[PDB]
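Written out below as structure tokens is the structure these notes cover.
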Amino acid sequence: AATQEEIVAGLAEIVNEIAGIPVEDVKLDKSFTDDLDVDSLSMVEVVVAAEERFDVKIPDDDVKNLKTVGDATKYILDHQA
């Protein structure tokens with residue numbers, strides 16, 4: 001559905017409405033609850049929306065097992081079509 005940069009870009013669309021980050025900020029050298037506004041519990045609202053956005057399905061387990069957006073993209077961009 002999107003490539004690495006586009007995954008990140010798509011993520012940021014939701015992270016902008018949830019927390020409020022600049023959609024020019026969230027690039028590959030970012031992490032969610034580290035380099036973002038830290039939605040924290042609200043990040044679950046991000047990921048659930050992101051699943052459908054990128055044609056993936058991310059288990060609650062994997063969500064907390066991933067780290068950066070460069071790391072998260074690995075699971076996403078690979079599992080999607």
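Going through the structure tokens in order, the chains are called A, B, and so on, while each chain numbers its residues from 1 and the ligands are numbered from 1 in the order shown.
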_Test item, helix (DSSP H, G or I) assignment across chain A, answer as a PyMOL selection string_ = chain A and resi 4-18+32-35+40-53+60-65+69-79
*Counting only C-alpha atoms, what is within 10 Å of region 35-39 of chain A, bar same-chain residues fewer than 2 positions away, as a list in words?*
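Neighbouring residues, sequence-local ones excluded: residues 12, 15, 16, 18, 19, 20, 21, 22, 25, 26, 29, 30, 31, 32, 33, 41, 42, 43, 44, 45, 46, 68 and 69 of chain A.
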Write the residues you've just listed into a file as a PDB file, in the first residue's frame, and include C-alpha atoms for each of them.
```
ATOM      1  CA  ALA A  12       2.009  10.538  10.820  1.00  0.00           C
ATOM      2  CA  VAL A  15      -0.305  10.675  14.818  1.00  0.00           C
ATOM      3  CA  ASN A  16      -1.043  14.297  13.818  1.00  0.00           C
ATOM      4  CA  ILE A  18      -4.025  11.986  17.869  1.00  0.00           C
ATOM      5  CA  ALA A  19      -1.114  13.871  19.340  1.00  0.00           C
ATOM      6  CA  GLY A  20      -0.216  16.593  16.962  1.00  0.00           C
ATOM      7  CA  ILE A  21       3.062  16.222  15.223  1.00  0.00           C
ATOM      8  CA  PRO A  22       4.251  18.048  12.103  1.00  0.00           C
ATOM      9  CA  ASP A  25       8.809  15.760  11.189  1.00  0.00           C
ATOM     10  CA  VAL A  26       8.032  12.106  11.267  1.00  0.00           C
ATOM     11  CA  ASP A  29      14.795   8.445  12.085  1.00  0.00           C
ATOM     12  CA  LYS A  30      11.892   8.567  14.503  1.00  0.00           C
ATOM     13  CA  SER A  31      10.238   6.417  17.097  1.00  0.00           C
ATOM     14  CA  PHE A  32       6.758   6.635  18.460  1.00  0.00           C
ATOM     15  CA  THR A  33       6.884   6.970  22.117  1.00  0.00           C
ATOM     16  CA  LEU A  41      -2.011   4.929  25.393  1.00  0.00           C
ATOM     17  CA  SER A  42      -3.539   6.914  22.608  1.00  0.00           C
ATOM     18  CA  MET A  43      -0.960   5.398  20.240  1.00  0.00           C
ATOM     19  CA  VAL A  44      -3.190   2.320  20.237  1.00  0.00           C
ATOM     20  CA  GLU A  45      -5.699   4.531  18.365  1.00  0.00           C
ATOM     21  CA  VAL A  46      -2.927   5.216  15.890  1.00  0.00           C
ATOM     22  CA  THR A  68      11.371   3.053  15.920  1.00  0.00           C
ATOM     23  CA  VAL A  69       9.471   3.945  12.782  1.00  0.00           C
TER      24      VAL A  69
END
```
*Within 8 Å of residue 80 (chain A), counting only C-alpha atoms, which residues qualify if same-chain residues fewer than 3 places away don't, as a PyMOL selection string?*
chain A and resi 1+54-56+76-77
Export, as a short mmCIF file (atom, residue, chain, number, x, y, z; two decimals), in the first residue's frame, the selected residues with N, CA and C atoms.
```cif
data_model
loop_
_atom_site.label_atom_id
_atom_site.label_comp_id
_atom_site.auth_asym_id
_atom_site.auth_seq_id
_atom_site.Cartn_x
_atom_site.Cartn_y
_atom_site.Cartn_z
N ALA A 1 0.83 -1.20 0.00
CA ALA A 1 0.00 0.00 0.00
C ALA A 1 0.87 1.25 0.00
N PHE A 54 -2.50 0.64 5.94
CA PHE A 54 -1.40 0.03 5.22
C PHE A 54 -1.68 -1.40 4.83
N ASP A 55 -2.93 -1.83 5.02
CA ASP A 55 -3.37 -3.19 4.64
C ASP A 55 -2.67 -4.26 5.46
N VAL A 56 -2.43 -3.96 6.71
CA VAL A 56 -1.77 -4.88 7.61
C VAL A 56 -2.67 -5.22 8.78
N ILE A 76 5.51 -3.82 8.88
CA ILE A 76 4.40 -3.30 8.10
C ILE A 76 4.60 -3.53 6.60
N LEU A 77 5.63 -2.88 6.02
CA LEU A 77 5.88 -2.89 4.58
C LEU A 77 6.10 -4.28 4.02
#
```
*List the neighbours of residue 58 (chain A) out to 9 Å using only C-alpha atoms; skip same-chain residues closer than 4 positions along the sequence, and give me the result as a list in words.*
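Contacts, with the query itself left out: residues 47, 48, 50, 51, 62, 63, 75 and 76 of chain A.
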